[PDB]
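Fold and geometry: a report
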Amino acid sequence: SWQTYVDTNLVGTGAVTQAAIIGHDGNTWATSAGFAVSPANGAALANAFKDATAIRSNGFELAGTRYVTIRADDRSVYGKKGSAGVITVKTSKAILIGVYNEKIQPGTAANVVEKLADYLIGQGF
């Protein structure tokens, strides 16, 4: 049911346009219609959590878009591209990812992902 967390719990909220749930390895668990992240690109994100030295300076890519590091801790890596961007949140077993555009506010996006992450962590994922 990882597809429902995406269709309903993420994209369904309206706060995010595209979304996915990656494994700590980079391999996609579930994803939305027009979004895909390469294994290399996902394992690259899964690591910026151990040290964002690299993304902090070069930035990071997701599905062909080069994002700029805004925030980047050991649980949350945020990026932006003009007035759109992506929220990525690490759980105990996964990594949530939701992208937003100009019609959506960064905190609105950020809030939905953040909260869902809490819920899954509470569940053991």
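In this view, residue numbering begins from 1 on each chain in the order the sequence is written and may differ from the entry, while residues that lack coordinates are not shown. Note that the side-chain values use all heavy atoms of the structure and ignore hydrogens as well as water.

Structure determination for the deposited model, as stated in its record, used X-ray crystallography, and the stated resolution is 2.5 Å.

1. With respect to the overall build of the protein
Along its length, the protein carries four helices and seven strands. Each helix is a run of H or I in the DSSP string that is no shorter than four residues. Each strand is a run of E no shorter than two, and both are numbered from the N terminus. From first element to last, N terminus to C terminus, the protein shows the α and β order α-β-β-α-α-β-β-β-β-β-α. Relative to the globule expectation of 14 Å for 125 residues, the C-alpha radius of gyration of the protein, 13 Å, shows essentially globular dimensions. For the protein, the C-alpha atoms occupy an extent of roughly 35 × 30 × 25 Å along the three principal directions. Partly exposed residues are those whose accessible area sits between 20% and 50% of the maximum for their type, while under 20% is buried and over 50% is exposed, using a 1.4 Å probe and protein chains only. The burial tally for the protein puts 43% of its 125 residues in the buried class. Only heavy atoms matter for contacts: two residues are in contact if any of them lie within 4.5 Å across the pair. Within the protein, counting contacts between residues at least 6 apart in sequence, those at least 24 apart form 45% of the total. Think of it this way: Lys and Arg go in the positive column, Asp and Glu in the negative one, and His and the chain ends go nowhere. Note that the charge is assigned to NZ on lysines, CZ on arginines, CG on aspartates and CD on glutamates. Counting 11 positive and 9 negative side-chain charges, the protein places the centres of these two groups 4 Å from one another. The globule rule used here is 2.2 Å times the number of residues to the 0.38 power, and the radius of gyration it is set against is calculated over C-alpha atoms.

2. Focus: the pattern of salt bridges
Where side chains of opposite charge bring their charged atoms close, a pairing between them can arise. Only one rule defines a salt bridge in this text: a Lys or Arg side-chain nitrogen within 4 Å of an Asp or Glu carboxyl oxygen. Under the criterion given, the structure shown has four salt bridges. A salt bridge links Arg71 to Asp73, with the nearest nitrogen and oxygen atoms 2.8 Å apart. Judged by relative accessible area, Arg71 falls into the partly exposed class, the value being 36%. Given the relative accessible area of 29%, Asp73 is considered partly exposed. Across the pair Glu114 and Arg75 runs a salt bridge, and its minimum N-O distance is 2.4 Å.

3. Description of the sheet that holds strand 3 (residues 60–62)
Either a parallel or an antiparallel arrangement is found when strands of a sheet pair, and the pairing is made through backbone hydrogen bonds. Only when DSSP finds a minimum of two bridges between them are two strands counted as paired. Strands sit in the order 2-1-7-6-5-4-3 across an open sheet of seven strands; the sheet is antiparallel. In the strand order of this sheet, the two ends are held by strand 2 (28–31) and strand 3, each with one partner. Strand-to-strand twist of the sheet, defined as the mean angle between neighbouring strand axes without regard to direction, takes the value 25 degrees. In this sheet, strand 4 (residues 65–72) lies alongside strand 3 in antiparallel orientation, the contact comprising three bridges. Within strand 4, the residue paired with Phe60 across the bridge is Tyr67. Helix 2 (residues 39–48) contacts strand 3, strand 6 (84–90) and strand 7 (94–100) of the sheet and is inclined by roughly 135 degrees relative to strand 3. Note on definitions: angles span 0 to 180 degrees between N-to-C directions of axes, and those axes are lines fitted to C-alpha atoms, for helices only across the stretch in contact.

4. Examining the nonpolar core
Buried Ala, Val, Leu, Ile, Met, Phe, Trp, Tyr and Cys residues form a nonpolar core when they are joined through side-chain atoms within 4.5 Å. The biggest cluster of nonpolar side chains holds 20 residues, and the ones touching the most others in it are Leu10, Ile21, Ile87, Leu96, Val113 and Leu116. When residues of this core are traced back to their parent elements, those giving at least two are helix 1 (2–10), strand 1 (18–23), strand 6, strand 7 and helix 4 (106–123). In contact with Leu10, not counting residues within four places along its chain, are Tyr5, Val16, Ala19, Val113 and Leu116.

5. Some thoughts on the environment of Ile70
When you line up the elements, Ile70 lands in strand 4. Distance from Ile70 to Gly59, taken between C-alpha atoms, is 9.3 Å for residues 11 residues apart in sequence.

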